[PDB]
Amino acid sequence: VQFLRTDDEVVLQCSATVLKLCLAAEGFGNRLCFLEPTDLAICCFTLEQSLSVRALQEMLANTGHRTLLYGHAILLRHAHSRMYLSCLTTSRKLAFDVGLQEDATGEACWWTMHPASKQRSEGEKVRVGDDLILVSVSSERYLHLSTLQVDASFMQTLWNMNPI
C-alpha cells in the first residue's frame, strides 16, 4: 500500500466496461481531454498542490511532498504541455467539457477528492488504487466518463490515481 503525495507524477484512470481508460490531452492547439486505453506524454499529470478548501479560498482571495487527504482540493498539471486540468465552460447537453487551461488561476483548475465509500473519510490519506470521486470546485460537477468522452456532469464516475 502506497500513499499519494504532491510532486508525484500520476495517470488518472477509470473503467468503461470490460482494459482501462486514462484521462488524456495533447495541449498544443487542442485543449480538450480524451481517453487513452491501456502514451505518457498525453497521460501524465503532476499532483502540483493539495489544499483544504479554506486554504484554497484564502489563496484565491489574496491574488512539498505532502500526502493527499480526502476532502482536499488538488491542482493537476499536464507534465507535457505544462498546462492545468480544468473544467471548461463550453459544451458540444447538461455537462461541461474538461481540458487544459494555460494559467493556473481561478477555481476551474481545482478538483476536490471524495471517498467512494465509508472505507475512506474526509481527512484520511488517499491511497494509490483507491476509487475516488473528483468534484470541480468551479462548477460543482464530477469528472465523468460520458457514454466515449470525458466531461463534468451531475453523474459520478470513480477514478484511480496510479503512479507511473
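Start at 1 with the first residue shown and count on from there.
**Q** Unmodelled deposited residues between residue 92 and residue 93: none, 1 to 3, 4 to 9, or 10 or more?
**A** Missing residues, residue 92 to residue 93: 4 to 9.
**Q** Which one of 12, 18, 25, 143 shows the biggest C-alpha B-factor in the PDB entry?
**A** 18 has the highest C-alpha B-factor of those listed.
**Q** Highest Cα B-factor in the deposition, which of 69, 133, 61, 32?
**A** Highest C-alpha B-factor among the listed options: 61.
**Q** Split into thirds by Cα B-factor across the chain's modelled residues, where does residue 118 land: lowest, middle or highest?
**A** Ranked within chain, residue 118 CA B lands in the highest tercile.
**Q** Which third, lowest, middle or highest, does the CA B-factor of residue 43 fall in along this chain?
**A** Its C-alpha B-factor belongs to the middle third of this chain's values.
**Q** Sorting the chain's CA B-factors, does residue 56 end up in the lowest, middle or highest third?
**A** Middle third - that is where residue 56 ends up once the chain's C-alpha B-factors are sorted.
**Q** Could you tell me which third, lowest, middle or highest, the C-alpha B-factor of residue 139 occupies within its chain?
**A** Ranked within chain, residue 139 CA B lands in the middle tercile.
**Q** Using only modelled residues of the chain, where does the Cα B factor of residue 112 rank: lowest third, middle third or highest third?
**A** Lowest third - that is where residue 112 ends up once the chain's C-alpha B-factors are sorted.
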